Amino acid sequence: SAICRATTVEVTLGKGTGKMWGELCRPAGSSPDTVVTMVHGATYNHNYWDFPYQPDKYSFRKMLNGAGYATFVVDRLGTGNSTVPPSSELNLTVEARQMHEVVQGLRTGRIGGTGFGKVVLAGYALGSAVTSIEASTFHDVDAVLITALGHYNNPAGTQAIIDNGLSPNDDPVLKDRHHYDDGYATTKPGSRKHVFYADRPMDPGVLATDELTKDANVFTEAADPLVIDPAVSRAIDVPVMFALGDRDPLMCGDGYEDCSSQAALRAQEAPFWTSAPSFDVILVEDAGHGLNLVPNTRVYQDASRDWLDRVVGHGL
């Protein structure tokens, strides 16, 4: 009981133009004023935000639709059903302009027909960096949901990704789709378990589904200084939820992102969100880096939902 229409969006790409794939979903028998736009992270695609194994439990999109909200999960360019351009043409700032265009199109009704009054941007990992830049540059979103991306980080976590990297032309899952140039990457088979999820308890079906729905990415975007720039996040003048897993191998550690308690995390990040009228923080126990895909994810889902209800509402 949820209406879902897949569509493509004409999006800026140097000269112009390229195709961004996205799915718009509305709760059955309902027409909400609020849409939540969901930008996935690196090496993932839209499936992260609409996960297809036990969706009742792990699909964040679905949870949102059940809460009354409209949702727009996208395939970032380079991934899934979207255009896969030359890696040189793509970077975070370019990608944020693309997201601005998706927002723009959801507000006016170009995307979806009805046209939404409130737009929420939701971000996972480097999608949160895309989200932040969009929010900072254009100021055309009513609230921002930041996940799996902190201002401090762990070099060794990042290095493990580099030590488990390979080219998507050598990867059995991604071989057949495209001929990717030398600036696209993905992760090795069997590596995600450790490099993202930290070896924490997971459903075996979740790990298998993750490796079967994984994607490529443009790996220069990870080294971008904009990912951790304080100037970007400090400029955000709307309500922000900041979500992080307490065993995230890319952030957490002594002398890095303080994942010892929620209050400590809150303390350490607050100097980076000073224009936000409200700054809320959830810290997900025994969780790695993919928050939607952990066994106690529902704690994270309920909090996110309750926040939305509090800072935007789903309209009428």
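Residue positions are given as counts along the sequence shown, with the first one as 1.
For the pair 68-76 and 107-115, the mean B factor over Cα atoms is greater in 107-115. The PDB entry reports B-factors from which the mean C-alpha value can be compared for 238-246 and 162-170; the larger average falls on 162-170. Across the options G150, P86, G127, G205, the residue with the most elevated CA B-factor in the record is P86. Per the PDB entry, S275 shows the highest C-alpha temperature factor of the residues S261, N45, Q54, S275. Sorting the modelled residues of the chain by their CA temperature factor places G41 in the lowest third. Among the modelled residues of its chain, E23 has a C-alpha B-factor that falls in the middle third, as given in the PDB entry. Per-chain ranking of the deposited C-alpha B factor places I228 in the highest third. Sort the modelled residues of the chain by CA B factor and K214 lands in the lowest third.
Placement of the Cα temperature factor of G157 within the chain: middle third of the modelled residues, per the deposited record.
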